[PDB]
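Next up: just one chain, as structure tokens, the form deposited in one PDB entry.
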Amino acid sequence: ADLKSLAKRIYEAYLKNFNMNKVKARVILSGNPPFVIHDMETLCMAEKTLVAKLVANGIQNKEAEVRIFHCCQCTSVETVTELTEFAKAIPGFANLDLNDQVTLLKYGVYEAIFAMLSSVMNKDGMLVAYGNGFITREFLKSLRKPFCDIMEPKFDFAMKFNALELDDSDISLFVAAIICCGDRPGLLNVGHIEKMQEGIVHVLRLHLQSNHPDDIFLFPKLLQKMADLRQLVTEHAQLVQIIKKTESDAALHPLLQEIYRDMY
């Protein structure tokens, strides 16, 4: 009935459940300041401070590229936990069957992750380790294949996404819409999910109209970004499969393995 109140509920749930938001990220990115990781020396320095356990194995430590990939996985795993609690604020989600809830999150989490990753990215690098590290885009590109191909497509998406100049009130509803997709494979009650999707997308459309009167096409632009994210995730899963088969040391967190299993 009152779509403005619903938009605010989602926004407040977004601020409460995600450790990073765009406002907090910009404060850090503008200038315990973040340690800058721009080469192997500064990577090893940062690890010894921020993730000492990971490099406390002496000569048995993993290769630098594998340690980085492992840190990315940890971030993903944490964002999954945050996304699962955020989903409860979406009208109708908690009323869905448990199996449908799992399915929606299975296919949505990485689309949501790459969307929200844009908030901690600029053209030179990205915030990591809960805002305490900044790793340069060029360093990540300098890694040996195939690890240098992980983040660059995400930077490419983020640069265009950030040019839309969304704020957290927009992003929170966008992430909600990502989760409420009625065309996910294997859904039980597609009808109820489609109605849930229609409701949240209705809220998103009205919010964008009020919050961005200067950009009349912003809503269709974001619909297209949702399609772009789906393709970005499919391509990411393909890369993860190559790493799994060709990099014996690059262990995949079990929760993420289940997410990728039978996805695409």
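Numbering starts at 1 and follows the sequence shown. Residues that one form lacks are left out of the comparison. Rigid core (definition): largest C-alpha set, two forms, superposition within 1.5 Å.
J.: At a threshold of one third of the other compared entries, does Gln238 come out as unmodelled?
T.: No; none of the other entries leave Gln238 out.
J.: Counting only other entries that model residues on either side, is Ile59 absent from the coordinates in at least a third?
T.: Affirmative; at least a third of those entries omit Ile59.
J.: Are any deposited residues left out of the model between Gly31 and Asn32, and how many (none, 1 to 3, 4 to 9, 10 or more)?
T.: The entry has a gap there, with 4 to 9 residues left out between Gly31 and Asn32.
J.: Of the two stretches 12-20 and 252-260, which shows the higher Cα B-factor on average in the entry?
T.: Mean C-alpha B-factor is greater for 252-260.
J.: Output the stretch having the higher mean C-alpha B factor in the entry; the candidates are 219-227 and 233-241.
T.: Of 233-241 and 219-227, the stretch with the higher C-alpha B-factor average is 233-241.
J.: Taking the Cα B-factors listed in the entry, which of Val190, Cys71, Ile135, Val175 comes out highest?
T.: Answer, based on the entry's C-alpha B-factors: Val190.
J.: Would you mind finding, among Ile37, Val66, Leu204, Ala56, the residue with the largest C-alpha temperature factor in the entry?
T.: Answer for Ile37, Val66, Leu204, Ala56: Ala56, with the highest C-alpha B-factor.
J.: If you rank the chain by CA B-factor, which third does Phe93 end up in: lowest, middle or highest?
T.: Middle third of the chain for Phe93's C-alpha B-factor.
J.: Compared with the other modelled residues in the chain, in which third is the CA B-factor of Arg144?
T.: Its C-alpha B-factor, which the entry lists for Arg144, ranks in the highest third among residues of this chain.
J.: For the chain shown, is the CA B-factor of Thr103 in the lowest, middle or highest third of its modelled residues?
T.: It belongs to the middle third of the chain when residues are ordered by C-alpha B-factor.
J.: Determine, from the deposited record, the chain-internal third of the Cα B-factor for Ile200: lowest, middle or highest.
T.: Its C-alpha B-factor, which the entry lists for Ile200, ranks in the lowest third among residues of this chain.
J.: Rank-wise, by C-alpha B-factor, drop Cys181 into the lowest, middle or highest third of its chain.
T.: For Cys181, the deposited C-alpha B-factor lands in the highest third.
The same protein also has a form deposited with a partner chain bound, omitted here; what follows describes it.
J.: Tell me, which of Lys22, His253, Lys244, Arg9 has a heavy atom within 4.5 angstroms of the partner chain in the bound PDB entry?
T.: Among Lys22, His253, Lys244, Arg9, a heavy atom within 4.5 Å of the partner chain in the bound PDB entry occurs only for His253.
J.: Could you work out which of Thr136, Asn189, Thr84, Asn162 is the residue within 4.5 angstroms of the partner chain in the bound PDB entry, going by heavy atoms?
T.: Selected option: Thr84.
J.: Under a 4.5 Å heavy atom criterion, is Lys154 part of the interface with the partner chain in the bound PDB entry?
T.: No, no contact at 4.5 Å.
J.: Given that the partner chain is not shown alongside this chain, does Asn99 nevertheless sit within 4.5 Å of it in the bound PDB entry, heavy atom to heavy atom?
T.: Contact with the partner chain, yes.
J.: Residue-level contact is defined here as any heavy atom of the residue lying within 4.5 Å of the partner chain in the bound PDB entry; does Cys148 satisfy this criterion?
T.: Although the partner chain is absent here, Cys148 would stay clear of it in the bound PDB entry, with no heavy atoms inside 4.5 Å.
J.: Answer with yes or no whether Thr103 is in contact with the partner chain in the bound PDB entry, where contact means some heavy atom within 4.5 Å.
T.: Answer yes; at least one heavy atom of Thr103 falls within 4.5 Å of the partner chain in the bound PDB entry.
J.: Once the rigid core is overlaid, which residue runs, three or more long, move by 2 Å or more at each CA between this form and the one not shown?
T.: Run 1-4 stands out as the only one displaced between this form and the one not shown - at least 3 residues long.
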